[PDB]
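What follows is a single chain, given as structure tokens, in the form deposited in one PDB entry.
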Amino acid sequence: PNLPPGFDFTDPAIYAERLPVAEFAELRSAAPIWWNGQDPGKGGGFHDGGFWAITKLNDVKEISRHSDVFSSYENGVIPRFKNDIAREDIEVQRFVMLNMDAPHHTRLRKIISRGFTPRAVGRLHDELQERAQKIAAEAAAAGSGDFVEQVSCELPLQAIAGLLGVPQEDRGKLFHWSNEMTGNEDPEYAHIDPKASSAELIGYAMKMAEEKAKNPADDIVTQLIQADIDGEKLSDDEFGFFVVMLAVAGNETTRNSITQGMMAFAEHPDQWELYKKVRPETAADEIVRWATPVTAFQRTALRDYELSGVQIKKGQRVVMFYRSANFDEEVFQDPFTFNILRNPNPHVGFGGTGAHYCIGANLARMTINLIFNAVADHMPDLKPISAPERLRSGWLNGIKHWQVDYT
């Protein structure tokens, strides 16, 4: 393929400036599964010499489905850390469900599903609606400011807090910890210590579990820590690792969908007009497809496997570029058209279907629909003041800041 020498699709230096859309498109055309070699010292924590770049949606689906072969546990699913991260700090990720394989994953996911039933998520609708409206009214009253801080940031965190029944008086500290827990190599956050924030949140969560045991109530936390028919339940530490996971799975992901959804609307005025008029809930999936907040997650081959004619060898990493897959010309009609009515919309923003498919997908969609209804209600004529500031990360597609005029 026509790419520069030394080009690495996980290079945070790229994402600090842009999404490598042309480069992904080149791979889908010329080399849809392509060895992305990595130079000595430049492995983002992985010292294996590179990985297979996976760029087509059907290949992402196949990997995701064949979790018996393609492991989350072996190397974790984050494909890029600081180049000099200790192996121990990669392996500690195995304490959360995202980086577990069956049978351990299977047990935990069955327990955790208690928190993500249609009924459980539905119970959050009304409070998240009220919150969304307030957030939007407060931003409008400010006149202008940072859209990320004023509009995108709070609702995802309030969704997590509502799900867990976190007391109001505890939400400030919970949000502070949660906003420091996703690693990046952005100079703006170089002083932050994810390890400390994570240890604090796990302490808080474990205390919550021990209290809920003594004082059972009708809520999600009680359901998680009380034995089901099979005696299955989260132990306190497992509850702690569940909360830590949510702090990093359900926070910057939804936040970035909201910011980039609004960026797409700013760029596509006809779609924004249509949105304001009919408020189509299909908008949430097109926003997730367009935003692809997780650019890539990886897996490791536990055995040799032939994927679309390419021999993947035992021990090798495959990196699923959801950002490429979501613009796959073979799956979508006019992928580079932003169409809030797209239906069906079989995007892989929430992963390929399979064992690890995003458990929060419907919570995320509801969050997105509620905040954009609020933005429509309170700031229908908002316009950007300056360009978004992107996050320096090799796997998260983030917007740090974006100045907008709500009037």
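Take the two forms, find the largest set of C-alpha atoms that superpose within 1.5 Å, and that set is the rigid core. Residue numbers run from 1 along the displayed sequence.
Between 129 to 137 and 114 to 122, the larger mean CA deviation from the shown form in 9 other deposited structures of this protein, after core superposition, belongs to 114 to 122. Two stretches, 178 to 186 and 165 to 173, are weighed by how far their CA atoms sit from the shown form in 9 other deposited structures of this protein after rigid core superposition; the farther one is 178 to 186. Of the other structures of this protein that model both sides of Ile229, a third or more give it no coordinates. Per the compared records, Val310 is resolved in all of the other entries whose models span it, so no third of them omit it. Legend: mean Cα B-factor per stretch from the PDB entry, 233 to 241 versus 305 to 313; the higher mean is in 305 to 313. For the pair 204 to 212 and 283 to 291, the mean Cα B-factor is higher in 204 to 212.
Residue set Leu98, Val92, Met181, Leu246: peak C-alpha B-factor at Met181 (per PDB entry).
The entry assigns its greatest Cα B factor, within the set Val278, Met263, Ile160, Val77, to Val278. The PDB entry assigns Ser197 a C-alpha temperature factor belonging to the highest third of its chain's modelled residues.
Among the modelled residues of the chain, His356 sits in the lowest third by CA temperature factor in this PDB entry. For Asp328, the recorded CA B-factor ranks within the middle third of the chain. Only modelled residues enter the ranking.
Per-chain ranking of the deposited C-alpha B factor places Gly398 in the lowest third. In this PDB entry, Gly43 carries a Cα temperature factor that places it within the lowest third of its chain's modelled residues.
One more form of this protein should be noted, the form deposited with a small molecule bound, which is absent from this view; the next part is about it.
Remark: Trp395 counts among the residues lining the small molecule in the entry with it bound, judged by a heavy atom distance of 4.5 Å or less.
Contact annotation: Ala141 falls outside 4.5 Å of the small molecule in the entry with it bound, judged by heavy atom distances. At least one heavy atom of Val92 is located within 4.5 Å of the small molecule in the entry with it bound. In the entry with it bound, the small molecule lies within 4.5 Å of some heavy atom of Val248. With the partner removed from view, the residue among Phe239, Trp272, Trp290, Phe297 that has a non-hydrogen atom within 4.5 Å of the small molecule in the entry with it bound turns out to be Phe297. Only one of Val310, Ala213, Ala120, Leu98 comes within 4.5 Å of the small molecule in the entry with it bound through a heavy atom, and that residue is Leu98. Taken together, the three residues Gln129, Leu370 and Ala374 all stay farther than 4.5 Å from the small molecule in the entry with it bound, as judged by their closest heavy atom. Of the candidate stretches 301 to 309, 225 to 233, 197 to 205, 142 to 150, only 197 to 205 has residues with heavy atoms within 4.5 Å of the small molecule in the entry with it bound.
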